[PDB]
Number of protein chains: 4
Amino acid sequence: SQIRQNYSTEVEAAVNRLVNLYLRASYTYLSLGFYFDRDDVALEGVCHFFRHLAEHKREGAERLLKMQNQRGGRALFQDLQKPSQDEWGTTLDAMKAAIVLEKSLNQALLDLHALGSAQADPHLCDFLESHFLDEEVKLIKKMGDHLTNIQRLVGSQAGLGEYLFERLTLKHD
Amino acid sequence: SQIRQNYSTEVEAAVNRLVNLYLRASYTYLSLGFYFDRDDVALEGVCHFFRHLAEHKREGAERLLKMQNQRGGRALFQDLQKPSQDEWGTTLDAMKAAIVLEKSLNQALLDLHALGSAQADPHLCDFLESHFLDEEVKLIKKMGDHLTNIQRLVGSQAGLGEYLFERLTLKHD
Amino acid sequence: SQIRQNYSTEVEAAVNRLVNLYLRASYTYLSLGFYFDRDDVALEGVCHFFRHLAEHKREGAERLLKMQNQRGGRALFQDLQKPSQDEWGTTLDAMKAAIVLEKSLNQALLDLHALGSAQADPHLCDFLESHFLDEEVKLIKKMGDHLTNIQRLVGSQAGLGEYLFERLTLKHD
Amino acid sequence: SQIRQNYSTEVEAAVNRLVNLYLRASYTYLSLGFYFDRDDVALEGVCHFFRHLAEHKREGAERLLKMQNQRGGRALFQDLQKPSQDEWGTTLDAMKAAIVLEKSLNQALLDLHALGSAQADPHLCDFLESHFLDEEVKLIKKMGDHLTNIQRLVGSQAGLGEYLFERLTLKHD
Ligand SMILES: [Cl-]
Ligand SMILES: [Cl-]
Ligand SMILES: [Cl-]
Ligand SMILES: [Cl-]
């Protein structure tokens with residue numbers, strides 16, 4: 001490569017794996033979004049919350065792919081596994097599955113940062129710090145806040161709580 | 001007729017029957033709308049939901065009547081039967097009766113489309129596709145979404161659920 | 001299902017398969033787009049042409065998923081296979097692979113239309129006519145036009161032709 | 001020094017050397033810019049490309065000098081060596097010399113970052129990450145893209161390719 005400098009094969013490979021993890025996450029959120037649009041689920045604010053995350057995770061994958069080319073690495077795509085579930089349960093089940101998914105993406109980012117640190121690759125380390133690590137902390141804090149509110153609302157009338165959370169906390173229209 | 005071309009007597013008759021079905025549906029929705037405006041029912045958002053459908057079904061009848069004249073058929077009006085009920089129960093009873101009514105209109109549209117297909121009448125088939133079939137799918141999906149939300153809200157406090165659905169889902173002012 | 005009417009299990013299944021075909025096509029175009037952004041390929045107009053198609057095919061999948069829910073079918077996601085190639089050759093190789101891909105999507109749309117016709121499902125038939133069949137004819141005509149222009153430009157100076165096509169026909173900036 | 005804190009003599013010296021490297025690079029680009037403005041070379045877009053880099057490298061030197069004073073180090077200027085060539089050959093020769101020059105600046109930045117990491121100087125490390133490392137990756141990717149396009153255009157008509165690259169890729173007016 002005419003441009004590649006200080007870019008390890010180990011980072012190049014890990015970036016291709018992280019692209020696969022982000023695209024899998026996007027696909028998971030696409031499935032969650034359409035599940036909440038079902039006529040027998042019908043929680044618009046929950047649908048919009050997950051559809052937006054599907055778009056955001058796709059954008060993350062595209063930013064990693066642009067950076068791979070900027071550093072002179074080569075994008076390599078793999079099979080994308082289907083989401084872990086076909087039906088996602090309650091808003092609470094779905095938000096618990098989301099925070100697990102985000103913790104797994106966050107650990108993949110921290111692992112890649114640690115590899116870049118070990119490889120003395122400060123451009124890679126800056127890149128994750130600037131575009132991913134704080135977006136992930138912010139998102140996990142928001143999901144933690146939502147879990148608390150959902151849990152408060154279950155009480156002895158789960159249906160009423162699920163409706164009120166979607167109407168008064170999540171964005172709809 | 002100076003203009004009639006490729007327009008069967010069977011379609012002409014079925015169009016006059018469908019006009020009667022749309023006007024009956026409008027009359028049903030007029031009755032539902034004023035029932036929810038009663039001082040002892042008093043659910044404004046439910047009143048507005050049904051009053052709007054009464055106007056929309058009337059407009060459907062008028063579009064069929066305009067098309068009948070465009071094709072050189074002859075409008076023929078019949079007695080309009082009164083709605084099936086004088087009092088419509090809860091929001092849930094009313095929304096269940098509406099989705100039954102819409103399924104019956106949808107089947108009448110599909111039956112007429114099938115007659116036009118059999119008669120090789122593509123103008124009739126286009127007309128239903130363009131102005132009725134998707135409006136009906138969209139409306140039945142919305143009523144299905146509302147039924148799910150109403151059902152979630154019944155819990156052990158039916159009155160509270162009926163008020164919250166009308167205040168937080170349906171349009172009022 | 002509370003809303004499902006005149007929607008066959010055969011169409012529901014074929015719609016889920018077509019969603020998989022559109023998402024595979026999006027993934028293929030994502031791979032083509034980033035290949036042309038490589039520093040050793042560096043054809044910006046070709047990159048932008050394929051990146052846009054990746055977005056358009058994703059939007060097609062999302063429209064099919066919305067329609068599946070409108071009809072009361074159930075979205076079911078499968079594993080997404082990786083693209084057929086890791087490296088895509090010349091602009092000409094890439095545009096030949098694209099038109100093959102589009103012909104396969106077009107045949108899948110025509111097959112689904114034929115199934116809906118056989119099932120007397122005019123809403124499905126309208127839906128494909130209105131949002132997919134002409135978009136596909138328009139795209140295949142544009143790719144055919146581009147193939148002719150690329151082929152004219154190969155001459156005895158392939159590099160010069162590939163540069164001029166990307167600079168004077170495709171959109172860049 | 002009244003302000004100096006956590007700023008090693010090793011970093012202070014390396015910053016003064018890097019200022020010399022940036023000013024030498026500016027001087028090199030000044031020479032490349034005026035060579036392409038010669039009446040017997042006359043490639044305006046190539047002239048403008050290098051004149052702009054001369055200004056950008058000067059600005060890099062000035063940012064390092066401002067930071068040296070912010071940290072309480074002392075600017076020390078050395079003799080500036082003349083550029084390596086008086087005449088720069090073809091656009092291709094010039095762009096190959098530029099990417100070599102940029103790789104040498106990039107390695108000097110990475111070396112200084114590594115020194116700051118070893119000295120536990122996070123302000124220095126942030127400073128390079130924020131203002132230099134990604135500017136350098138972006139520039140080397142752009143020069144790699146240009147090299148590919150120039151190389152594609154040499155064919156058997158080098159003059160025609162050199163003119164078309166300057167007219168259709170580089171900015172002129
Ligand atoms: Cl799997
Ligand atoms: Cl009667
Ligand atoms: Cl495969
Ligand atoms: Cl010298």
Side-chain angles (χ1 to χ4, degrees), chain A residues 4-33 49-81 83-84 94-147, chain C residues 27 30 34 37 80 82, chain D residues 110 113-114 117 122 125-126 128-130 133-134 137-138 141:
Chain A
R4 194 183 187 137
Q5 184 172 212
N6 196 213
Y7 196 58
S8 69
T9 54
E10 294 87 350
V11 164
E12 178 184 12
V15 168
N16 289 144
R17 292 200 286 277
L18 191 61
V19 165
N20 193 92
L21 287 183
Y22 267 72
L23 292 178
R24 279 171 59 189
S26 179
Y27 201 16
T28 296
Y29 284 131
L30 175 72
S31 178
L32 278 156
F49 180 84
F50 290 125
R51 287 203 54 195
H52 169 258
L53 285 175
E55 159 186 69
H56 214 76
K57 295 308 183 187
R58 193 247 310 147
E59 293 168 359
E62 287 168 342
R63 188 188 294 280
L64 292 159
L65 287 168
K66 174 175 175 169
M67 181 273 287
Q68 177 82 288
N69 280 346
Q70 286 171 313
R71 293 297 305 272
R74 289 300 172 248
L76 284 173
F77 296 101
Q78 299 305 331
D79 288 345
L80 280 178
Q81 70 192 257
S84 64
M95 196 70 66
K96 281 175 180 159
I99 206 177
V100 162
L101 178 51
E102 293 303 324
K103 285 171 168 285
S104 81
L105 292 177
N106 194 213
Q107 193 55 243
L109 289 170
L110 291 172
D111 288 350
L112 181 55
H113 190 284
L115 175 57
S117 301
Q119 292 281 350
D121 191 339
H123 185 273
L124 181 282
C125 288
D126 177 76
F127 168 86
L128 292 181
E129 287 164 17
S130 299
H131 302 297
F132 291 87
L133 295 191
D134 188 51
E135 284 204 354
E136 205 49 46
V137 160
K138 281 182 292 182
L139 182 57
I140 295 165
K141 173 65 165 59
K142 177 58 66 182
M143 288 178 173
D145 295 345
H146 288 339
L147 286 170
Chain C
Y27 201 16
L30 175 72
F34 276 98
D37 179 63
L80 280 178
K82 74 179 192 177
Chain D
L110 291 172
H113 190 284
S117 301
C125 288
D126 177 76
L128 292 181
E129 287 164 17
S130 299
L133 295 191
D134 188 51
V137 160
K138 281 182 292 182
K141 173 65 165 59

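Residue numbers start from 1 in every chain, and the chains themselves are labelled A, B, ... in the order their sequence lines are given, proteins ahead of strands. Reckoned from all heavy atoms, side chains included, excluding hydrogens, waters and symmetry mates.
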Would you please name every residue forming a ring-ring contact (aromatic ring centres under 6.0 Å, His included) with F127(A), sequence neighbours left out? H131(A), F132(A)

Assess whether a salt bridge exists between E102(A) and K57(A), defined as any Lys/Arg side-chain N lying under 4.0 Å from an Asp/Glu carboxylate O. yes

Heavy-atom check, side chain of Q68(A) versus side chain of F34(C), under 4.5 Å: no

Check: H113(A) main-chain N/O paired with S117(A) side-chain donor or acceptor under 3.5 Å: yes

Spatial distance of atom OG (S26(A)) from atom CD (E55(A)) [nearest 0.5 Å]: 9.0 Å

Find the distance between CG (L133(D)) and CG (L124(A)) and round it off to the nearest 0.5 Å. 11.5 Å

Identify the heavy atoms of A98(A) and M143(A) that sit nearest to each other, and give their distance. CB-CE, 3.7 Å

Can you find a heavy atom in the side chain of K142(A) that is under 4.5 Å from one in the side chain of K138(A)? no

Show your reasoning for whether side chain to side chain contact (heavy atoms under 4.5 Å, CB included) applies to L32(A) and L53(A). CA-CA 10 Å; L32(A) 278 156; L53(A) 285 175; over 6 Å; no

CG/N20(A) to CD/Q81(A) distance, rounded to the nearest 0.5 angstrom? 7.5 Å

Is there a side chain to side chain contact (heavy atoms under 4.5 Å, CB included) between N6(A) and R71(A)? Walk through the geometry before answering. CA-CA 9 Å; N6(A) 196 213; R71(A) 293 297 305 272; 4.0 Å; yes

Rounded to the nearest 0.5 Å, how far does CG of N106(A) lie from CG of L101(A)? 11.0 Å

Is there a side-chain contact between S84(A) and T28(A) (heavy atoms, below 4.5 Å)? no

Rounding to 0.5 Å, atoms CG (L105(A)) and CD (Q107(A)) come to a distance of 11.0 Å

Compare all side-chain heavy atoms of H123(A) with those of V11(A) and state whether any distance is below 4.5 angstrom. no

Could you go through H56(A) and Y29(A), starting from their C-alpha distance and side-chain angles, then the distance that decides it, and tell me whether this counts as side chain to side chain contact (heavy atoms under 4.5 Å, CB included)? CA-CA 10 Å; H56(A) 214 76; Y29(A) 284 131; over 6 Å; no

Any salt bridge linking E62(A) with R58(A)? Criterion: basic side-chain nitrogen under 4.0 Å from a carboxylate oxygen. yes

Does the side chain of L65(A) come within less than 4.5 Å of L30(C)'s, by heavy atoms? yes

How long is the gap from CD on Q70(A) to CG on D134(D), to the nearest 0.5 Å? 6.0 Å

Is there a side-chain contact between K141(D) and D37(C) (heavy atoms, below 4.5 Å)? yes

Do you know which two heavy atoms are closest between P83(A) and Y27(A), and how far apart they sit? CG-O, 3.7 Å

Passes side chain to side chain contact (heavy atoms under 4.5 Å, CB included), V15(A) versus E12(A)? Steps please. CA-CA 5 Å; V15(A) 168; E12(A) 178 184 12; 5.9 Å; no

Hey, does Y22(A) have a side-chain heavy atom less than 4.5 Å from the side chain of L109(A)? yes

Do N69(A) and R74(A) have side chains that approach each other closer than 4.5 Å (heavy atoms only, starting at C-beta)? yes

Please identify each residue that fulfils side chain to side chain contact (heavy atoms under 4.5 Å, CB included) with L147(A), with sequence neighbours left out. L92(A), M95(A), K96(A), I99(A), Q151(A)

